[PDB]
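> Turn this into a model:
(chains A, B, C, D, E, F, G, H, I, J, K, L and M)
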Amino acid sequence: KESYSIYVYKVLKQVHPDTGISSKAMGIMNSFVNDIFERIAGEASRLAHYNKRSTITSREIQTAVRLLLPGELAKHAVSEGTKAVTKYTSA
Amino acid sequence: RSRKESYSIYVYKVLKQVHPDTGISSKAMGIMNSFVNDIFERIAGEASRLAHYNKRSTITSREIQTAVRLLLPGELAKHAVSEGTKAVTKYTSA
Amino acid sequence: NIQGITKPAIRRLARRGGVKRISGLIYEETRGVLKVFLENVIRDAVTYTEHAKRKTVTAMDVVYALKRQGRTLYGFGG
Amino acid sequence: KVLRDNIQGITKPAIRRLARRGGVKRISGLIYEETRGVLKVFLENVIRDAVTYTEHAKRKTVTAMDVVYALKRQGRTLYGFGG
Amino acid sequence: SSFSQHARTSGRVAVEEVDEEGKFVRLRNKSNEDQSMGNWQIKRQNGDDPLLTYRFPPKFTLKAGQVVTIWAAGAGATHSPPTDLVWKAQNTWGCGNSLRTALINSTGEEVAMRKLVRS
Amino acid sequence: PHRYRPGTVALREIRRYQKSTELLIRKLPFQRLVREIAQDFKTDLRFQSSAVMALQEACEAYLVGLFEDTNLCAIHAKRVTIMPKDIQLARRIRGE
Amino acid sequence: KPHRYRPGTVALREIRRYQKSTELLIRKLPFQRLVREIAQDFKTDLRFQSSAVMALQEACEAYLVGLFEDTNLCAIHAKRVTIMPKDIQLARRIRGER
Amino acid sequence: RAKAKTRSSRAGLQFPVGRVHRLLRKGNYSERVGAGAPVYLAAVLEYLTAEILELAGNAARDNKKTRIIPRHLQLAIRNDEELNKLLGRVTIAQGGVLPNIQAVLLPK
Amino acid sequence: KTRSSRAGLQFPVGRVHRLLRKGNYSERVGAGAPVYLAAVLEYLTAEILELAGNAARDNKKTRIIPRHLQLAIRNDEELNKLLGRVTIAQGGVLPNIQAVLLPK
Amino acid sequence: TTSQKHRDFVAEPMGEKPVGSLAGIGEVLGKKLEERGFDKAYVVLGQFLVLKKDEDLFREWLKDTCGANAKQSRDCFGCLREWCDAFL
Amino acid sequence: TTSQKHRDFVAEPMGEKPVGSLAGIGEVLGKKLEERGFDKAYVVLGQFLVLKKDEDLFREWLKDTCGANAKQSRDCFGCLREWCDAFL
DNA sequence: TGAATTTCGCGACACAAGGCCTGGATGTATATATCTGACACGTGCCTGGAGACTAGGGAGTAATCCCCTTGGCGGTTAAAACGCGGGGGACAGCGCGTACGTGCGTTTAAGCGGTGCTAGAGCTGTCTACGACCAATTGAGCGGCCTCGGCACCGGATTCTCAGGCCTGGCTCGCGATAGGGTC
DNA sequence: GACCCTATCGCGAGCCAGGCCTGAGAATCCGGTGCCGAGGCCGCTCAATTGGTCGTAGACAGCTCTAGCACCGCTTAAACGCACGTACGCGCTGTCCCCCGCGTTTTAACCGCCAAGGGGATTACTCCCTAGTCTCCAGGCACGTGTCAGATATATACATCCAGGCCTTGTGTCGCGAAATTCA
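Numbers count the residues shown, from 1 in each chain, chains lettered A, B, ... in the order given. Take a look at the structure below.
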């Protein structure tokens, strides 16, 4: 009933201005997005529970990203998340 | 200072029930504590995911039974189903 | 219907994975392995179907059964 | 003092005993360096998660539960140190 | 048996048994030491028939007290070194009233021989 | 008549099938097998075609991975022809 | 005249003794120093509980024992008795660790 | 004001129903927890614990010992098909291994 | 006046926050956690799509199909390590033939 | 047809067998031949080959040397002839 | 030590080789031996056996029979002795 | 024609060689003393479990629509099944030299003991920014329609790839001669 | 210095390897034709947004006290290094049997169509199961104390290897019976 089709399309048009994507690949991207979201949310929940906490803040998300994503992807994702949070807070 | 919870006494009672004259060392007791915690976590997580799949917000005995079927292999599954059914029937009859 | 998985199908599957020469006893072993794997997956799928009191096995039940066994499947969601 | 090159601390007799436990009968002479590398990689990948868990808690001592959780993430649950 | 048996051996291997119908030739290491027979050749003469030559592998040893039998192709036996050998290239060792089998070493020298003669 | 030495046609098949992505198992026999297997656990079950296709995809991927591991095992043993012992060793090492 | 076993009987005795025993096979001090050296690479000046080091050693020993079991299976597959680095590499690659 | 008996006593279980119910409520597994679910879970846990302890006690009996040690638990678990399948990913501290030597290793 | 625009993202912050709240992951959810998670998802999607697009021009095609995604995922060390246990429908396999299989 | 001692002598090479091992040659005849100088079987074989395997010459010489009769000379000639046919 | 003719004669039983096949024996020596009556290899070996394998007697007889020299007689005696030790 | 000579074959006497009965050195499993620190038991307490009763929303139950699953028929093939020729790939056997197991003297650093301290884990107290909750908004995003071009498919060149026949060459086998050794 | 006998080189003839050239089959590149799904457009609607309040989760300040870290010394278990023996993996070869490539016959998969109804999705109504709160109370946790299970070590009974001593078996021998041949 709901998916991430339009956002994946916008990102694809942002990175490759002249390349399209078939429907089955769009469903694959939706499944991948759901999988990554579930993994990160579960890791953040476990991290919050281990510390006897009851709130999932950005620090838990950053720690989960460090734990899950390997190497360079972790550094890049941390940088992007920090920049996004800074821009959101500053405005 | 702060109380810490564990399953030592219940494992001890179960062992005395099954074996009247056998003792359990402390390391084995901690191992049993870890085993109980791990199995409980597995069953609870499977039940939670199963309940979320069907758009439900309640963990009934049916979800627990289905999780036991999914996790425990073979004879253990049937035996656990029988034990849980008997326990539920006795609890509901009184 | 286990014989429905013909020898050419197993041969092509082996050819895709990089197998050069195939023995003659490979086929029955592969049939048995496929039977065991299908038993394991379909048992959980039928359990999921029975939980919802439905008489039809949906694709999401198969997807969840695969996800539980550690082999995530993409594209059939859901 | 800064600690360096302690990988040699994993002695050849120790690796020999570990192999003898697993059912190995005869051991090559070049196996030891491969075992050292494998152990180094595994220890790095475990201590990384352990240190990350410790840092999230704003602590400077690596508790045993951090190691237990790190092993639990990688599919190798450990019984006996859980409390 | 209507066949007279005559044997001579100067080495550690003697011509033990020869099939009168040409199915096999049987040799034995009659010593207490293993005998190497690499590149050894056996020449089969059957009366006036042309010579048949069988060559052993370049490295081959018959241990002490062991028996090695060279089977013809028509015998239908299964090759099993070092005790059983089947000569697939030759259908039969041949027949006749004067069958002579000689064991020739790697240096072209005869060291063993058994001859079957019929009246 | 023209003829290829054995192995070369196998390499051509390997290239052609690795370049392609279509399913290598006919759909009707697999559907009949799946319906047969589900009969042992329940009687009157119905299957969506999408579920059967997903099962077929999973089985094909699992078999492809198993055959890759088996080929690695056989190549380790200085052999080029795979054997049931290779498959059993791969399944035992994988944890199955 | 001297009593000397055939090479392998001592190995069998070691196998039986070590499979019958349960104690640790790596000395604590070198392993602890190795762990501290590895840890100092990520963050400097970190402290370790003794039980944490014990748990790390137990996990490493169990992992190595399982790896050597798999590598012995691999070596036996090639009709050999001696394990080789290629056996360990094949076992790890099949397990998916590499 | 009636005399109070534990839910375990009502269900004839040794495990605590109340503690499991509290853990389920505090575990963030769901918004709601059923009444019979803690009873079912406690029964399952009791059966599993009884099975493991019985196997461990038999193993301890076999080797002339009278007290359960982690080696006994390891031997009991690794010699049972279903428990081994259930606990395939579990490492037992100070548990050792199953005494086993490959057939080809033995002299021919 | 959208949270994605405020953080300069493309993924929906509100949808991620709603999924976190409805998914029974915690009793309370922080304000910046959906923003951070959306940023991470955006970077991962951008990386995957960039690799897939680079793979697409290598066989003269112009539209991304599951084969392109499979090639891009299996051709990268980090992505393959991240998704080592994942099956992609219609994905195929990477061309990989051992040297001992090659003649001579 | 053939005497057993003849079969024993023909089956294997003479080597260093005494003259008494010859078929038809006994203690008295063998002792006489040894006294004459022919102390070994192969020594008799040399003289036999000198006479070019002739039956009459060899048998008459045997009669004149030790006193053998027609039967013993015939047996000895047959034994030596078979030995020559089998090994020589 | 040994000539090729010597090895060739020793490697196989003499059978029906001519007297010239003996090592150290030329065409002239062989023809003279044939004239004397010794027209075959085995006939010469008969003489070798008669003289009880004596080196001096055999070589002197060969010298007095065909005119062989020290070298030729030495080669012939050696070849005959080796043949006797290998086959007889 | 009978006596003498001779050869082949048979049965008691003596022999060595092999197989079975018994005891000592040897390492391996078996019974007992000791002690010790951990396990089992007994008790104070206090917080978590239990008992009653209420509201309210989650779920069960009944009815309906359509959809998509199942069932079945007709053809066209593409795929499957079977037989044959074969040459390639598995397997067993045999060196072999090189690398590892085994044993003994060496050292060196691990393990155990004992000590101090202080950095930091853990626990308690304050309160304040921060997130849950609820009413109104409205536009961003989802559902249905169209269209047209990227791609599937088919046909035709173009170059590539695999495989085999003919020619040139090298390498080996075998008879005769010129030179070497010995004799005279 | 001449003469007899033997020995290695020269050259004819045949079998095996590799290179040049061509042909069959295929992969590929290029152009034309059609199609149906992806991308865009428009209508619609309900979930994200905004504002404000309120209860509190955890962040800071501070204190205690504990165990991790640092240090030293003694003891000896084990790591270390050397040499030697042997067994073990690697290489090579020959045997064989068995999948692979190809061709011919078979068959049922698949596509397209039709037809019905089981049940999945949905909506509406009711009710009752459980979160929540207060009040009560006893079960299990923290603490202390005793005693015995098992580690530790020594002394003793039993299985195993190997050698000494006694009994059984196959074999060689020598005088004599049975048969044939030649000379007095």
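
> pretty sure residue A:46 is in a helix, no?
Yes - under DSSP: H, G, I helix; E, B strand; the rest coil, residue A:46 falls within a helix.

> Now do it: how many residues are near it, please.
Using other C-beta atoms under 10 Å in any protein chain shown, residue A:46 has 16 neighbouring residues. Just so you know, the C-beta spots here come from the backbone N, C-alpha and C atoms, and that holds for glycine as well.

> Repeat that for residue E:64.
As a burial measure, residue E:64 scores 13 neighbours (other C-beta under 10 Å).

> what sits against it?
For residue E:64, the contact set (C-beta atoms under 8 Å, 6 or more residues apart in numbering or on different chains) comprises E:12, E:29, E:31, E:32, E:33, E:34, E:35.

> Spatially nearest residue to the closest residue to DNA strand L within chain J, not counting backbone neighbours?
Of all residues in chain J, the one sitting closest to DNA strand L is residue J:26 (1.8 Å; C-beta to the nearest atom of the strand). Distance criterion C-beta to C-beta, 6 or more residues apart in numbering or on different chains; nearest residue to residue J:26, sequence neighbours excluded, is residue J:20 at 6.6 Å.

> Can you name the residues that contact that neighbour?
Going by C-beta under 8 Å, 6+ apart, residue J:20 touches J:26, J:27, J:29, J:30.

> From residue J:79, how far off is it?
Residue J:20 sits 13 Å away from residue J:79, going by C-beta to C-beta, to the nearest Å.

> Not counting the longest strand anywhere in chain E itself, show me its contacts.
Criterion DSSP state E: the longest strand present in chain E is strand E:110-118. For strand E:110-118, contacts defined as C-beta under 8 Å, 6+ apart pick out E:2-11, E:13-16, E:18, E:20, E:27, E:97-105, J:85-86, K:11-13.

> same thing but 7 Å
For strand E:110-118, the external contacting residues (C-beta atoms under 7 Å, 6 or more residues apart in numbering or on different chains) are E:2-11, E:13-15, E:18, E:20, E:97-105, J:86, K:12.

> How about the residues of chain A by chain C?
Residues of chain A lying close to chain C (C-beta under 7 Å from any C-beta of the partner chain) are A:24, A:27, A:28, A:30, A:31, A:32, A:34, A:35.

> Got a quick ChimeraX command for the buried subset of these?
Remark: buried members of the residues of chain A next to chain C, expressed as a ChimeraX selection using 16 or more other C-beta atoms under 10 Å in any protein chain shown:
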select /A:27,28,30,31,32,34,35
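
> Run me through the strand neighbours of the longest strand of chain E, direction for each.
Strand E:110-118 has the following strand partners under DSSP bridges: strand E:3-9 (antiparallel), strand E:98-104 (antiparallel).

> which one of those is the most hemmed in?
strand E:98-104 (a mean of 21; mean count of other C-beta atoms under 10 Å in any protein chain shown).

> Return the distance of that strand from the chain's centre.
7 Å (C-alpha atoms, centre = their mean, to the nearest Å).

> again, but for stretch H:3-18
When C-alpha coordinates are averaged (C-alpha atoms, centre = their mean), stretch H:3-18 and its chain have centres 19 Å apart.

> hmm, who's touching that stretch?
Residues outside stretch H:3-18 that contact it (C-beta under 7 Å, 6+ apart): B:10, B:13-14, B:17, B:87, B:90-91, B:94, H:38-39, H:42-43, H:45-46.

> Tell me the secondary structure at residue 88.
The chain I'm using is chain A. Classified using three-state DSSP, residue A:88 is helix.

> Now do the contacts for it.
I:6, I:7, I:32, I:35.

> Now do the contacts for the residue of chain A found nearest chain C.
When distances are taken as C-beta to the nearest C-beta, chain A reaches nearest to chain C at residue A:31, 4.1 Å away. Taking C-beta under 7 Å, 6+ apart, we find residue A:31 in contact with C:74, C:75, C:77.

> Check the chain and tell me which residue is nearest its centre.
Just so you know, I chose chain A. Geometric centre of chain A, nearest residue: residue A:37, 6.3 Å, by C-alpha atoms, centre = their mean.

> not what I meant, chain F
residue F:63 (3.6 Å).

> which non-adjacent residue is nearest residue H:101?
residue D:23 is the one closest to residue H:101 (C-beta to C-beta, 6+ apart), at 6.3 Å.

> Pretty sure the one you found sits against residue G:72.
Yes - applying C-beta atoms under 7 Å, one finds residue D:23 in contact with residue G:72, separated by 5.3 Å.

> Helices of chain H, start to end?
H:7-11, H:17-26, H:36-62, H:70-78, H:81-86 (DSSP state H).

> The last one vs chain B: in contact?
Meaning helix H:81-86. Yes - contact of helix H:81-86 with chain B is found when judged by C-beta under 7 Å from any C-beta, involving H:82, H:85, H:86.

> which of those residues lies closest to residue J:43?
Checking the residues of helix H:81-86 next to chain B against residue J:43 with C-beta to C-beta, the nearest one is residue H:85 at 90.9 Å.

> any idea how far that closest one is from residue E:37?
58 Å.

> just to confirm, which helix or strand has the residue in chain A that chain B sits nearest to in it?
Residue nearest to chain B within chain A: residue A:42 (9.2 Å; C-beta to the nearest C-beta). According to DSSP states H and E, residue A:42 maps onto helix A:23-50.

> that older thread, relative to DNA strand M, which of the strands paired with strand E:110-118 is closest?
Of all the strands paired with strand E:110-118, strand E:3-9 comes closest under C-beta to the nearest atom of the strand, at 18.0 Å.

> who touches that closest one?
E:14-15, E:20, E:111-118, J:10-13, J:86-87.

> Now that we have these, which of them are buried?
Buried members of the contacts of strand E:3-9, counted by 16+ other C-beta under 10 Å: E:14-15, E:111-117, J:10, J:12-13, J:86-87.

> and the gap between the spatially most central residue of chain J and residue J:82?
Taking C-alpha atoms, centre = their mean, the centroid of chain J lies closest to residue J:76, which sits 4.2 Å from it. Taking C-beta to C-beta as the measure, residue J:76 and residue J:82 are separated by 11 Å.
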